[PDB]
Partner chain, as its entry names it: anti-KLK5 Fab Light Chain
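The chain that follows stands alone, in the form solved without the partner chain, written as structure tokens.
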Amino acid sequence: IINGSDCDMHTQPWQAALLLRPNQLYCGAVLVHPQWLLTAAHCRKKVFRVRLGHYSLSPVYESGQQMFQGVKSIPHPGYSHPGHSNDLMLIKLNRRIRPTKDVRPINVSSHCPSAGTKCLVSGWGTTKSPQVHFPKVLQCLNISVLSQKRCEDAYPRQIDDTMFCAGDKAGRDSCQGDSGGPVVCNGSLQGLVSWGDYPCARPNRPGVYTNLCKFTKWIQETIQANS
């Protein structure tokens, strides 16, 4: 997250980290059900461990942390790697979470956030771009939803309704390492960190996010079919 701030501790209880062996941050993810995560479908590598209720990037012990294994990883059937469309995937945890102040699911609303809506994006991705610099703790940044017309103008012939643009201010954006992390608007999960431009936070190059309001039926039906 470029030019965000340290999240307040215990404020993003739906934030997850997908780790590679032994505890290498791979992608962000979001707890959407007591036994399921959403992440970007481009976060394809086999996950070693899911880490929840944890603030720091390092493996330092935190009383609120909960570790899991992914047992199912279901990308949206419309995703076709390396294309950006339908950039979402459901991950089933090996067991249901233990509900705490640090570990709590967030719901996806079918209401699509409108242009100008203020949303919060979070992640442990680089805080600088092009220079790679990881933070010590979870970073939070407010970004505003752009109209689909302004999104199309920024990325001509690269945008469809499965995506939304957000983040109108130069110097502020999500970036590499933030992939699959949450975009929360008015208390509900409406986006996943998907893609954008390089270096991150360029003027007139907003971040591109998976438009989750378009997938509530798929999310609900897939969780139900795999229960």
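Residue numbers count along the first chain shown, from 1. What we label the rigid core is the largest C-alpha set whose atoms superpose within 1.5 Å from one form to the other.
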Open item on the list: Tell me which stretch has the larger mean Cα B-factor in this entry, 116-124 or 90-98.
Closed with: 90-98
TODO: Using the B-factors recorded in the PDB entry, average over the C-alpha atoms of 209-217 and of 8-16, then report which stretch comes out higher.
DONE: 8-16
- [ ] Among 37, 159, 43, 193, single out the one with the highest C-alpha B factor in the record, please.
- [x] 159
Open item on the list: Maximum C-alpha temperature factor per the entry, among 138, 141, 106, 154, belongs to which one?
Closed with: 154
Open item on the list: Using the temperature factors of the C-alpha atoms in this entry, rank residue 168 within its chain: lowest, middle or highest third.
Closed with: highest
- [ ] Would you mind checking where the Cα B-factor of residue 85 ranks among the modelled residues of its chain, as the lowest, middle or highest third?
- [x] lowest
- [ ] Would you please rank residue 67 by its C-alpha temperature factor against the other modelled residues of its chain and give the third it falls in: lowest, middle or highest?
- [x] highest
Task: CA B-factor ranking of residue 184, expressed as a third of its chain - done: lowest
TODO: Sort the modelled residues of this chain by their C-alpha B factor and say whether residue 60 lands in the lowest, middle or highest third.
DONE: highest
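The discussion below concerns the form deposited with the partner chain bound, not included here.
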Open item on the list: Only one of 90, 141, 108, 146 gets a heavy atom within 4.5 Å of the partner chain in the deposited complex. Which one?
Closed with: 146
Open item on the list: Looking at 180-188, 37-45, 154-162, 24-32, which stretch has residues with any non-hydrogen atom within 4.5 Å of the partner chain in the deposited complex?
Closed with: 154-162
Task: Residue contact check: residue 115 to the partner chain in the deposited complex, 4.5 Å heavy atom - done: yes
Task: Interface membership of residue 72, the partner chain in the deposited complex, 4.5 Å heavy atom rule - done: no
- [ ] Find out whether any non-hydrogen atom of residue 150 is located within 4.5 angstroms of the partner chain in the deposited complex, and reply yes or no.
- [x] yes
Task: Rigid core superposition, residue 158 Cα moves 2 angstroms or more between this form and the one not shown - done: yes
